[PDB]
Novice: 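Once you've had a glance at the structure underneath, I'll fire off some questions.
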There are 6 protein chains.
Amino acid sequence: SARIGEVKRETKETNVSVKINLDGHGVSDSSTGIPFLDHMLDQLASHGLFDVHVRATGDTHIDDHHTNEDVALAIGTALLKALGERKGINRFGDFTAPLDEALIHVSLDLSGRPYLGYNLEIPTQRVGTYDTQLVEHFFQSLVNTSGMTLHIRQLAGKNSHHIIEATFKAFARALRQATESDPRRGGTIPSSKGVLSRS
Amino acid sequence: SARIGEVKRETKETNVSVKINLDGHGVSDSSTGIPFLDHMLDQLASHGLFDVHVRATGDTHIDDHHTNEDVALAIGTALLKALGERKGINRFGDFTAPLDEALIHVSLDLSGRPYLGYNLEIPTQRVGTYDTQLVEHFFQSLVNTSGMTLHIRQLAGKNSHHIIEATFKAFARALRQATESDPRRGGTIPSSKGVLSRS
Amino acid sequence: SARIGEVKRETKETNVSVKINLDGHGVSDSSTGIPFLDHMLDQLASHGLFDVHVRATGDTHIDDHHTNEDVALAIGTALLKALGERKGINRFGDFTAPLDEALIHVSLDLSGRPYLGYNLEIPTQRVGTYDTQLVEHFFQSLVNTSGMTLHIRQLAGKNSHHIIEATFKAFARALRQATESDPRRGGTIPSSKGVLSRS
Amino acid sequence: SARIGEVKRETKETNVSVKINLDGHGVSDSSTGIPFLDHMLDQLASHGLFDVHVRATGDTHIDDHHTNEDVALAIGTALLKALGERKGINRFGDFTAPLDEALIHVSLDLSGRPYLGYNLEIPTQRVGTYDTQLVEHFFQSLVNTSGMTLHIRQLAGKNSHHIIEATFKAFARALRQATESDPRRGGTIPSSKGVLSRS
Amino acid sequence: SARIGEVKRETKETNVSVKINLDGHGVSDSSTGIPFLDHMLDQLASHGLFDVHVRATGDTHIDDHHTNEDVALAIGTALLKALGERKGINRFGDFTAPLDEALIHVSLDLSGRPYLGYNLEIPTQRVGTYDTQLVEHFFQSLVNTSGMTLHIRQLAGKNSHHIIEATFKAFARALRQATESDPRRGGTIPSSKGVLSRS
Amino acid sequence: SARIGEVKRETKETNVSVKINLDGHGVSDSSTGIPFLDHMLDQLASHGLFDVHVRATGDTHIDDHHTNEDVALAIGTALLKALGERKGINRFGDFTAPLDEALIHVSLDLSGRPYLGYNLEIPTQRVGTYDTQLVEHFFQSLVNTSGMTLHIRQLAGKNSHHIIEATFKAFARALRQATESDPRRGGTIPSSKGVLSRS
Ligand SMILES: O=P(O)(O)C[C@@H](O)Cn1cncn1
Ligand SMILES: O=P(O)(O)C[C@@H](O)Cn1cncn1
Ligand SMILES: O=P(O)(O)C[C@@H](O)Cn1cncn1
Ligand SMILES: O=P(O)(O)C[C@@H](O)Cn1cncn1
Ligand SMILES: O=P(O)(O)C[C@@H](O)Cn1cncn1
Ligand SMILES: O=P(O)(O)C[C@@H](O)Cn1cncn1
Ligand SMILES: [Mn+2]
Ligand SMILES: [Mn+2]
Ligand SMILES: [Mn+2]
Ligand SMILES: [Mn+2]
Ligand SMILES: [Mn+2]
Ligand SMILES: [Mn+2]
Ligand SMILES: [Mn+2]
Ligand SMILES: [Mn+2]
Ligand SMILES: [Mn+2]
Ligand SMILES: [Mn+2]
Ligand SMILES: [Mn+2]
Ligand SMILES: [Mn+2]
């Protein structure tokens, strides 16, 4: 059966609902209140083949920050739930994607241990109305609740939209690879220590 | 059916014919008038599993330049023709190949948008009789007519033949990956915008 | 008869229509959804004497990016269509235009071979609401579909609007020159190789 | 039938036995007298899906060095034996694996030509009781007898155990890829020169 | 009547014949024994609209040098002869031409005073079989016998053939401009001192 | 009896035959298709007193590279075969040879463990028609199949032929020394570990 994770998360700042199918067909269904983020989440669906359902509202008159963070936190938890015990999966993903002059390498391990390595240098402060500092925060928050080791490396790029979008494409492909079935491992846990856990 | 692209292109400088099968079995059939380039195109076939048929004549007494360029232009157009609407493909390719001390990373996106990122530093001017400046020009011309985003990164290397040949091997494997069927996407166009085009 | 090129181009991101007359009288008729870009396209008409008809709509709530790019792509294709075989033209254009303290050199060759050389350093991120990174992208996309070799050199300038507008004025005058009839060449193709092509 | 290589190797310094199944199920069975190395060889099995059987004894009161080297030499020979003529294989492997803050890229070519490129900078001298200089020597010795071109690149890392273990995970995945069947090449030798050899 | 200059020049090193029509139709008829130089002289005809007739033989087994120089000297003298008293001409020419990534500015004054300013940095030693040092020498020798002030400035470029060919295109267009009739000056000498002379 | 090693090695690129007598009288009999390499192999015979018989043909129209490499590989294997168990030999060789201003130190150990240390800086790209990058590759390939530890150090030199030829003279004398009988060791294996092996 398809691996589906669902999360609802409300604070005084934001209200978020997420449903992710790891075994999806690339259904894009994201409405966060942050249009640029929606476009990025569409890459996650289109290139990762995840079914991505996201709804969020929040205090965007203060900053897109809280919405951005809370969407990411909920996506991470949805991934954690969908992944379960992580039996039989590839576990590791590794992909470098361009978008024109931009080139972004993403490597990840569905380890249970959160870590973000990130070196993007996005040369403008706003892409549309979206604060480009929020890209790093999206990935940091997602790693923290998913229990993912994630490295994002900027190999080339100048246009801020190209840099960010190449990142989401590379991430989508790496995460697709990591979450997919390993055809040789016979459903075993892919760890020498016998378990993968966020604790 | 196999995706085959064919091009014939004649100017006062050169005369070129190309036929490429994306769904080939690695048939190597290149005769450009530039022996080193023929050897490189053989890697494209051997490692990419393309069937590669190339014939060229031209003004090599002036320079290998025009022949090299026109072969590349025609190969790019043949790729464009064979790819068609680009439905159902992986779209992205990413591979790093060594040849002894040389190590070359190639990442590409069959986007419809031409771009070459290239940082090779080939330490000699002639490999056999082949002018090593012509390597960059081969890839630039190929991207321009294929509508490919292509990045070529030199990670290591000293011997010029090793550097160039590792590049063609990495390119061949990345292009193979990008052109192959995506087994999960059900024949859809791999783009959130609904189309991939060179225009 | 006047050389007119027309393009219609729709994706899930944008919808664009362009009509350009190379042999125009400077009719300015641009409405892209990006007011600053409209003002720049008016320079193309006023100084280049092109008739410039552009309509675009698109996802500007995400970013002006996709609209900007798609307008440029369509303009490039319209230029390509209008130019045809490029018989009898000057082919090359070269002009440096000031706007107050700004001074921008544009040189171009209607070669069939796309290339952008660009060194502008625009010191602010937004001119009005227009993201100044999008200037480079406009010219890159236009070159890619027109098959133009284009160099843009910033010789002086501080005010971002002056820098960008001087660029469009210099480009307009260089493109006017290149597209105009060469009064001495008797309708021949202006190339030693006997043809000019985007392939 | 499964590709299995077996080696027994005794000197006045060490006594080593190795059996490797390239077509394994990740059976981990390593006892070298060097506990840290055993843990690393377990990654080779767990992530590479090799069946790895190693026994060694030796002069560890002098140094772990001779044991470490002789284990590596014998593993390399076992790989060479199991690989045979190298018909029908992918030949090339390329993978970047993290372990928390560490990130290690491994690229290899089962060429028949030994070469190690290695740039790890392991910041401590002993991980447990294991001398960290011995990591480079393990890979160098393994390449020398297997006839492998191998590049190991440290992209990030601080903790010595993380750096070394990420290396073994990346190596395991790259070697798995290279040794696996190429589903399209019809059992042919993956070389334009018609043979792959250690001589 | 058309302004035609003819020169025959023989030494123990070379034998050269040149005929140039300033008021030509771009007839290309150059055979120097140096194929790359022939291709460059074809640009002079194609883009300058000069009729260019050149024949040379010489000691190319020693070096292309003497032939290259003697062709240039004879072309310069042919230009001087064709120009005569220089009445009614534009006198000055100024053009910047690209060839792909190369961009070369040429400015010249048909002053009667020889001078070459030249800053090309051609990154390879041989383009085909042609020694790239000989480019500077071609222009220096041509200026010396024509009595031309000539500046050649490399603004961009990497490929040696592109750099050199862009130079010849820019030179051709600048020389065309300078040699053409000034439509407003009523056949007067374009000099405040009342004469233009090589002495 | 004399220690003689013989190798025949054919690929789609090259065809090579080698016979080496370690206990020779300096018979020079090398014809590789690379005249400069033949002259170098003559030093190996003249100064090393090896009998050196080499025949090669190959794809020199592509590059001398494959021939050069394959000759070296076969020489290394011939040395390995002739050396056998390496009983009773000096094992180590060490010699510094000049050729005029050039001075090259070679130290080697017939260890069974391949390694090349090399720091030559050959200031020209072609000596005759021979690509000077191929010198390093000759020694690397020879070490790889012979199981030799080899260090080559440039102490002085400017003329490329002098540098390369001094290298071959020093190598010849060092290899002669290493392969010769140790008059005191009574036919024992010259190793504390009781064996010398390439595995
Ligand atoms: O959890 P796994 O499968 O990655 C195996 C562990 O030994 C990794 N590890 C973490 N810190 C030191 N080693
Ligand atoms: O064409 P695709 O599938 O890569 C999706 C586009 O949004 C990419 N893009 C290009 N410039 C800015 N975004
Ligand atoms: O196409 P044209 O008219 O500019 C003439 C070509 O020879 C130019 N060229 C491009 N690369 C090397 N030469
Ligand atoms: O052996 P392969 O399949 O990698 C093909 C050879 O041409 C490679 N090569 C090694 N040195 C120069 N070229
Ligand atoms: O010969 P012309 O027409 O350029 C006018 C001269 O005054 C130029 N000049 C040369 N040196 C100083 N002035
Ligand atoms: O093989 P031999 O005769 O040189 C003796 C070995 O102990 C050498 N060695 C290699 N690595 C560490 N020690
Ligand atoms: Mn926060
Ligand atoms: Mn986008
Ligand atoms: Mn070119
Ligand atoms: Mn090769
Ligand atoms: Mn874009
Ligand atoms: Mn204005
Ligand atoms: Mn050792
Ligand atoms: Mn561990
Ligand atoms: Mn001279
Ligand atoms: Mn040319
Ligand atoms: Mn080689
Ligand atoms: Mn000599």
Side-chain angles (χ1 to χ4, degrees), chain A residues 98, chain B residues 1-10 15-32 37-38 40-56 69-95 106-116 138-150 168-183 185-191 194-199, chain C residues 114 144-145 147 197-199, chain D residues 182-186:
Chain B
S1 207
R3 293 168 295 166
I4 298 171
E6 301 178 61
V7 174
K8 293 182 171 290
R9 188 184 185 285
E10 187 179 21
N15 197 2
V16 176
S17 295
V18 171
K19 180 185 304 187
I20 308 288
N21 187 344
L22 303 181
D23 302 300
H25 299 85
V27 177
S28 296
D29 185 22
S30 295
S31 187
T32 65
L37 183 59
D38 299 339
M40 295 306 96
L41 294 171
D42 289 348
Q43 307 312 308
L44 179 61
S46 287
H47 296 295
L49 294 182
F50 304 102
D51 299 341
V52 181
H53 169 82
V54 177
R55 293 290 183 276
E69 174 167 359
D70 291 349
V71 166
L73 291 169
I75 291 171
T77 296
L79 290 174
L80 187 146
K81 291 183 177 183
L83 281 166
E85 294 181 68
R86 301 176 194 205
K87 290 182 196 204
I89 68 171
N90 283 327
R91 176 180 166 181
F92 294 90
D94 180 36
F95 203 71
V106 174
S107 186
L108 66 88
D109 173 12
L110 300 173
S111 56
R113 296 182 290 264
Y115 179 81
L116 178 65
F138 177 89
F139 290 107
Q140 182 71 69
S141 294
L142 183 154
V143 302
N144 288 353
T145 53
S146 62
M148 190 186 294
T149 305
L150 175 61
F168 275 84
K169 283 163 161 162
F171 174 77
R173 290 272 169 140
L175 187 63
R176 171 181 174 176
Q177 176 179 31
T179 63
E180 279 169 340
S181 182
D182 177 331
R185 82 174 318 114
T188 62
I189 188 82
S191 175
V195 64
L196 289 170
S197 177
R198 165 133 169 241
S199 334
Chain C
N144 288 353
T145 53
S197 177
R198 165 133 169 241
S199 334
Chain D
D182 177 331
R184 283 179 64 195
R185 82 174 318 114

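All heavy atoms count here, side chains included; hydrogens, waters and symmetry mates do not. So you know, we letter chains A, B, ... as the sequences are listed, proteins then strands, and number each from 1.
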Novice: Give me the atom names and distance for the closest heavy-atom approach of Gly5(B) to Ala82(B).
Specialist: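 What the structure gives for the nearest pair is N-CB, 3.6 Å.
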
Novice: Taking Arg185(D) for its side chain and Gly26(B) for its backbone only, find out whether a donor-acceptor pair lies under 3.5 Å.
Specialist: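 Checking the backbone N and O of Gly26(B) against the side chain of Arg185(D), no donor-acceptor pair under 3.5 Å is found.
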
Novice: Determine whether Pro190(B) and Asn90(B) make a side-chain contact, defined as any pair of heavy atoms from C-beta on separated by less than 4.5 Å.
Specialist: no

Novice: With side-chain contact (heavy atoms from CB on, under 4.5 Å) as the test, would you mind laying out the steps for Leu83(B) and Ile89(B) before giving the verdict?
Specialist: CA-CA 9 Å; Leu83(B) 281 166; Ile89(B) 68 171; 4.2 Å; yes

Novice: Exactly one of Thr145(B), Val16(B), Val7(B), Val18(B) should register a side-chain contact (heavy atoms from CB on, under 4.5 Å) with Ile75(B). Which one does?
Specialist: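 Result for side-chain contact (heavy atoms from CB on, under 4.5 Å) with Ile75(B): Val18(B).
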
Novice: Please check: side-chain N/O of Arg198(B) versus main-chain N/O of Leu80(B), any donor-acceptor pairing under 3.5 Å?
Specialist: no

Novice: Tell me whether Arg3(B) contacts the main-chain N or O of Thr179(B) through its side chain, where contact means a donor paired with an acceptor under 3.5 Å.
Specialist: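 Checking the backbone N and O of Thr179(B) against the side chain of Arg3(B), a donor-acceptor pair under 3.5 Å is found.
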
Novice: To the nearest 0.5 Å, tell me how far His53(B) NE2 sits from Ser17(B) OG.
Specialist: 6.0 Å

Novice: Stepwise, does the ring-ring contact (aromatic ring centres under 6.0 Å, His included) test hold for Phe171(B) with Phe138(B)?
Specialist: CA-CA 12 Å; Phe171(B) 174 77; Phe138(B) 177 89; 7.5 Å; no

Novice: List the atom of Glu6(B), the atom of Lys81(B), and the distance in Å for their closest heavy-atom pair.
Specialist: O-NZ, 2.7 Å

Novice: Using a 3.5 Å distance criterion without hydrogens, assess whether the side chain of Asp42(B) forms a donor-acceptor pair with backbone atoms of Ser30(B).
Specialist: no

Novice: Going by heavy atoms in the side chains, are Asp51(B) and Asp29(B) under 4.5 Å from each other?
Specialist: no

Novice: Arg55(B) side chain to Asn15(B) main-chain N or O, any donor-acceptor pair under 3.5 Å?
Specialist: no

Novice: Between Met148(B) and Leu110(B), is there a side-chain heavy-atom distance shorter than 4.5 Å?
Specialist: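 The answer is yes; the side chains approach within 4.5 Å.
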
Novice: So which heavy atom on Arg176(B) is nearest to which on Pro183(D), and how close?
Specialist: NH2-CD, 4.5 Å

Novice: Which is it for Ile20(B) and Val52(B) under the side-chain contact (heavy atoms from CB on, under 4.5 Å) test, yes or no, and what are the steps along the way?
Specialist: CA-CA 5 Å; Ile20(B) 308 288; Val52(B) 181; 3.9 Å; yes

Novice: Mark yes or no for whether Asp109(B), through its side chain, and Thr149(B), through its backbone, hold a donor-acceptor pair below 3.5 Å.
Specialist: no

Novice: Going by ring-ring contact (aromatic ring centres under 6.0 Å, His included), name the residues that satisfy it together with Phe50(B), two or more places apart in sequence or in a different chain.
Specialist: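 Expected list: none.
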
Novice: Output the distance between atom CG (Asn144(B)) and atom CG (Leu116(B)), rounded to the nearest 0.5 Å.
Specialist: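 Between atom CG of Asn144(B) and atom CG of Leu116(B) there are 8.5 Å.
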
Novice: Between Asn21(B) and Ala2(B), which heavy-atom pair has the shortest distance, and what is it?
Specialist: OD1-CB, 3.5 Å

Novice: Of all heavy-atom pairs between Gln177(B) and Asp94(B), which one has the smallest distance, and what is that distance?
Specialist: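 Reported closest heavy-atom pair: OE1-N, 2.9 Å.
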
Novice: When rounded to the nearest 0.5 angstrom, what is the spacing between NE2 in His47(B) and CZ in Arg173(B)?
Specialist: 6.0 Å

Novice: Could you walk me through whether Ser28(B) and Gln43(B) pass side-chain contact (heavy atoms from CB on, under 4.5 Å), step by step?
Specialist: CA-CA 8 Å; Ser28(B) 296; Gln43(B) 307 312 308; over 6 Å; no

Novice: For the residue pair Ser146(B) and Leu79(B), what are the closest heavy atoms and their distance?
Specialist: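 It is CB-CB, 4.3 Å.
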
Novice: Enter the distance from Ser191(B):OG to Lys87(B):NZ here, rounded to the nearest 0.5 Å.
Specialist: 12.5 Å

Novice: For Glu69(B), give me all partners under side-chain hydrogen bond (donor to acceptor under 3.5 Å, both in side chains), at least two apart in sequence or on another chain.
Specialist: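 Partners of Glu69(B) by the side-chain hydrogen bond (donor to acceptor under 3.5 Å, both in side chains) criterion, ordered by chain and then number, come out as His65(B), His137(B).
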
